[PDB]
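Novice: dropping in the first section of the assembly, placed as in the complex:
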Amino acid sequence: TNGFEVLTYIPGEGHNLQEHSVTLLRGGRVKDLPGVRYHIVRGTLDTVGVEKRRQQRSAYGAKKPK
Amino acid sequence: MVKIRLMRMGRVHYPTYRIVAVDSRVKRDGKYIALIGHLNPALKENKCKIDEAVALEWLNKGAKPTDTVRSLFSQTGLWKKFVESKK
Amino acid sequence: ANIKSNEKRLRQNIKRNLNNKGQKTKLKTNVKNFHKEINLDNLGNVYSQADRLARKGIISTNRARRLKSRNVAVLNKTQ
Amino acid sequence: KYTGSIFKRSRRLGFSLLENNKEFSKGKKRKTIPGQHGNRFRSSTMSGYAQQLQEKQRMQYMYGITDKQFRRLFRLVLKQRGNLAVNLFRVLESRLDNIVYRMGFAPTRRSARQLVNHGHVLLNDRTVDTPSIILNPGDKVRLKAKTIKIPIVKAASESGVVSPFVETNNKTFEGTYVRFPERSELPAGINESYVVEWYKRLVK
């Protein structure tokens, strides 16, 4: 929302990003890629959740199987 | 224009008052000059631990009480001492 | 967005300003006449206007006092 | 709010609620740590943190307490005079639901908590519903009358088996308590004092 361009890793297996989309970044720092220092909160706004996940879901954003 | 009056310092659904000499234009629950003594709406008896010392000085100085403030003075008998000291 | 008390107060102060301005102008013209053709006679009139205005509040009481003291200094120097 | 598998946690730590009712059982007389990975090696040499945390759980599971409640009580007892190693033991054993079980009017500790929560217990001069009130030796904690007739009073009225620190005046169910519990009435299930130091690091 400011005027800063940051390279943010999409933390998960599979994404719906289509070059033009809105994301809700958080804090972090992936050690493999140099320069990346942010993570995308999954399953919050336009970005979808990470289904097919039953472990540590509260972090990736998946509705309780119930 | 010192005015002996109250100041609410309790909590939700539980008031608690303190007789205190304060100016008229100062907000309630703000700054004051001298402490007289506290009050409790539900202390059953002795509800007003009065001072009986500086209060007479401030009333002699010309402090104007309030309706509820005056009320407290009368059951103990402070009104009597003030009026007879005036006389 | 307006209060009758405020509106009424404005309407009253116009009339008060007119009357007080008249009183102030008399004092100004009187002290100037006095110090013009200096004469112990005038001095009295100066006292009357200054004291009267000071009581009514129109003029701050201290200004009347300083005017009174200072005007009397000129007479003693000249007499 | 509590676990519903007390056998499992008692089997893990190894110590039950002092009658071995959850250890004897009617089956297999199992005294191994639960789960598939119970009959393995690497038994001893628990780190200081490991044994301290295991021991800390023992203290707060013997009574059905939440750790946050434990921190509150420790913060309370810490400040007073000095080496208060006689006070917090009385404080930890002063729980109201704990006293009813030591009173001999409940089959189990957490069942006594349920009766406390349901309003079947009284106090010297008032009534008690919350199962956390800190008691002081001297209060005539008299039992209810409409609960003396309920279809579960039989073992309840069998309080002849009672600890010496809970005096009842048997058959009158007065149930006061004096002569605070010595370490003898606090068995080797949890009898250590460096758990206090564990909370000293974690809780100021």
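Specialist: Received it, and whenever you're ready, just let me know what you need. Residues are numbered from 1 along each chain as shown, chains lettered A, B, ... in the order given.
Novice: which of the three states applies to the residue positioned nearest the centre of chain B?
Specialist: The geometric centre of chain B, computed from its C-alpha atoms, lies nearest to residue B:19 (C-alpha atoms, centre = their mean), at 3.2 Å. Secondary structure for residue B:19, judged by DSSP: H, G, I helix; E, B strand; the rest coil, is strand.
Novice: report the beta-bridge partners for it.
Specialist: residue B:37 (DSSP bridges).
Novice: what's near enough to touch it?
Specialist: Residues in contact with residue B:19 (C-beta atoms under 8 Å, 6 or more residues apart in numbering or on different chains) are B:4, B:6, B:36-39, B:48, B:50-51, B:55, B:69, B:72. Where C-beta positions appear, they are placed from N, C-alpha and C, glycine not excepted.
Novice: likewise residue A:49?
Specialist: Here residue A:49 is in contact with A:42-43, A:60-63 (C-beta under 8 Å, 6+ apart).
Novice: of these, grab the buried ones for PyMOL.
Specialist: Only the buried entries of those go into this PyMOL selection, using 16 or more other C-beta atoms under 10 Å in any protein chain shown:
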select buried, chain A and resi 42+43+60+61+62
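Novice: save the contacts of residue A:49 as a markdown table, and put in secondary structure too.
Specialist: Converted to a markdown table, the contacts of residue A:49 look like this (three-state DSSP):
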| residue | secondary structure |
| --- | --- |
| A:42 | coil |
| A:43 | coil |
| A:60 | helix |
| A:61 | coil |
| A:62 | coil |
| A:63 | coil |
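Novice: send over the lengthiest helix in chain D as CSV, restricted to the C-alpha atoms.
Specialist: What stands out as the longest helix in chain D, according to DSSP state H, is helix D:48-61. These are the backbone C-alpha positions of helix D:48-61, laid out as CSV (Å, rounded to 0.1, in the frame of the first residue of the first chain):
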residue,chain,number,x,y,z
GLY,D,48,17.3,-30.7,34.7
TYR,D,49,14.6,-29.0,32.6
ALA,D,50,13.1,-32.4,31.7
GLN,D,51,12.7,-33.7,35.3
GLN,D,52,11.6,-30.2,36.6
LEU,D,53,8.9,-30.0,34.0
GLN,D,54,7.7,-33.6,34.7
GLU,D,55,7.7,-32.9,38.4
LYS,D,56,5.9,-29.5,37.9
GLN,D,57,3.1,-31.3,36.0
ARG,D,58,2.9,-33.8,38.9
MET,D,59,2.2,-31.1,41.4
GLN,D,60,-0.4,-29.4,39.3
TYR,D,61,-2.1,-32.6,38.0
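Novice: RNA strand E comes next; put it on the structure above:
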RNA sequence: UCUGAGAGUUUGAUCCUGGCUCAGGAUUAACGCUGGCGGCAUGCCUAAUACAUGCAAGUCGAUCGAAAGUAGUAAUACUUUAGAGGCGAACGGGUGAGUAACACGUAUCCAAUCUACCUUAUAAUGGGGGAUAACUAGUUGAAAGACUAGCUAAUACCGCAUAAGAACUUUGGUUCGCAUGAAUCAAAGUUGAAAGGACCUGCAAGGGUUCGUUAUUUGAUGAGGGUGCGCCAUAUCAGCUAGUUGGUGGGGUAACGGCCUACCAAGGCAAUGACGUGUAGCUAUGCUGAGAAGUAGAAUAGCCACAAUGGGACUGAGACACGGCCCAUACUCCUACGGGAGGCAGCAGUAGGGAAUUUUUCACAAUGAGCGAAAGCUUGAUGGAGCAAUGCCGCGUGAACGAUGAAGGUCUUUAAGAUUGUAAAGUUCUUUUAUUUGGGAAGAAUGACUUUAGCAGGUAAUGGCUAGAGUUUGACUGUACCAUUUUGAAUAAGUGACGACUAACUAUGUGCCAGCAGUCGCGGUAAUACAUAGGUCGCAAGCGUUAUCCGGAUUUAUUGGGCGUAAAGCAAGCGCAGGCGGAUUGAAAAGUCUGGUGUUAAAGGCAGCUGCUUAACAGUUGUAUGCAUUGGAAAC
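Specialist: Once RNA strand E is put in with the chains from before, the structure reads:
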């Protein structure tokens, strides 16, 4: 009587220097998953961005004319208020934009000040005059209004007589001071006040209580000024200042003052940091720390500043005035196109910005304010109720009995077996929660007012003072809570982790692919680090992740570190200012120590106690720190 925990990580392995990360707390928090309730508290950190709509300061007929309405044959009785007048609208509420300095905290001197109402005490409250609101009529308009001419009233306004005391001077005394200078007279000169209302008695005349007024007197509160000390970063900002420095006479201000003026001069500040830049409301305090201190200035409380932006002034005791006035700028809106209206940083709410922060609520019932004799009246202050796990605290999803082992799931030590697991199934019990029934408060354990009783002043009457009786008043509220009230386990468990730091491991799938990660690092076809499953562990109506602050960090080391080989001794010297410095004697007492007094607002801090079922919380008493003044000590 205080009072401090460490570990992982460079190397084939070791020691040291050294940086990074973690274990603990905390917030005005946000996000993901999940979600039952109650007691407290908090809740636009961003756009001082713009605002629809509705409320947020009025009151007195016991100041005054008139008008209107209801009764009355009338005289008149009662009620109501547009307007004149008094008082209050400068309090209270909100926001922190600006501000780096007497803004603020602290201690002070105001011989350099004000203060309406309030306190005490002391003289008066006599008599006249001229006007204008409301009203009528006319012009101009849809209306707001505006203009013109007449009519009235006073506690509105303006003269006059009168000064107990006042103010300004004159005459010499007094007591003097800190330099200007104050303090007190005795006499004199000069100057200067106002208004009545209500009620009782009295044939009347007259008298009286009370409210109010003028002139004073005492204090006190509140406001204003000056000064010492403390109070950010930056030299990759070295000169700044021409009303700036001083004197003279004058003007102005509540007051001193280049605050202003005319003249005479050339100074003032600055390396002990001026000036400039950037940033920021300050403080009591919040979080953290063993301590020294670091950090943010939530809530609330003191002080300052501001009210769309920038100026000016009236009224007033007090404003240069948030919801008063005038002007300009910007912006929006209405119009019948001539003219106007506007300021939510008051309570909600809307739009927008944001990762993100609530009712377009009820009542003055309690506390507080303004006006009133009371009746009262006005109070988005205030008190409640909504909303939100936002934080702290508390309670629940059940109790007993119950297989040397139901089914299912996961491993099978290839029949056996384990493990989930008293978990479950099943037999009984209870209802904090949940659904009916009956009762039902606390706050209003106050009260103002109005008939009585008594005292009490003055007394010829009325008001004030205590007791009893009454009207006695509730938004919360048929709410908290209570009872053998019906039904019934019925209405209630999630999240992180399991290689080490760090409590807790196996299988399946994948095969340097998909993915994890706070650090070391896992994945190249036998992965306890990935995905799924079972088990287990850490928490719990909360759990993780992210952001920020402190500790750990002795990692800016005064307390409390180093400079040969690890970062760090200028290439060396002459050296002003600064810092330090031989021995003895005397005085003073600036440091230093100690006694007395004043102050350091309240809340918070620590200890004790009380009250809420205990707690959280609220109240209660205690509890320092520094500064100034005064009296001593004399070792350095």
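Novice: before we move on, the earlier item: just the angle between the helix or strand following the longest helix of chain D and helix D:48-61, please?
Specialist: Where DSSP states H and E defines the elements, the next helix or strand beyond helix D:48-61 is helix D:67-78. Helix D:67-78 runs at 90 degrees relative to helix D:48-61, counting by axes from the mean of the first three to the mean of the last three C-alpha atoms, to 10 degrees.
Novice: show me what helix D:67-78 is packed up against.
Specialist: With contacts taken as 3 or more C-beta pairs under 8 Å, 6 or more residues apart in numbering or on different chains; DSSP states H and E, helix D:67-78 sits against helix D:48-61, helix D:87-92, helix D:195-202.
Novice: if we look at it, which residues are touching it?
Specialist: Outside helix D:67-78, the residues within contact range by C-beta under 8 Å, 6+ apart are D:59-60, D:84, D:87-88, D:91-92, D:132, D:196, D:199, D:202-204.
Novice: pull the most distant pair out of those residues.
Specialist: D:132 and D:204 (22.4 Å; C-beta to C-beta).
Novice: who's more crowded, these two?
Specialist: residue D:132 (14 against 9; other C-beta atoms under 10 Å in any protein chain shown).
Novice: got the contact list for that one?
Specialist: Going by C-beta under 8 Å, 6+ apart, residue D:132 touches D:69, D:95-97.
Novice: switch to 10 Å and redo it
Specialist: Contacts for residue D:132 were tallied using C-beta atoms under 10 Å, 6 or more residues apart in numbering or on different chains; they are D:65, D:69, D:72-73, D:95-97, D:113, D:116.
Novice: number of residues surrounding residue 16?
Specialist: Answering for chain A, as no chain was given. 10.
Novice: the chain in question should be chain C.
Specialist: Neighbour count for residue C:16, taken as other C-beta under 10 Å: 10.
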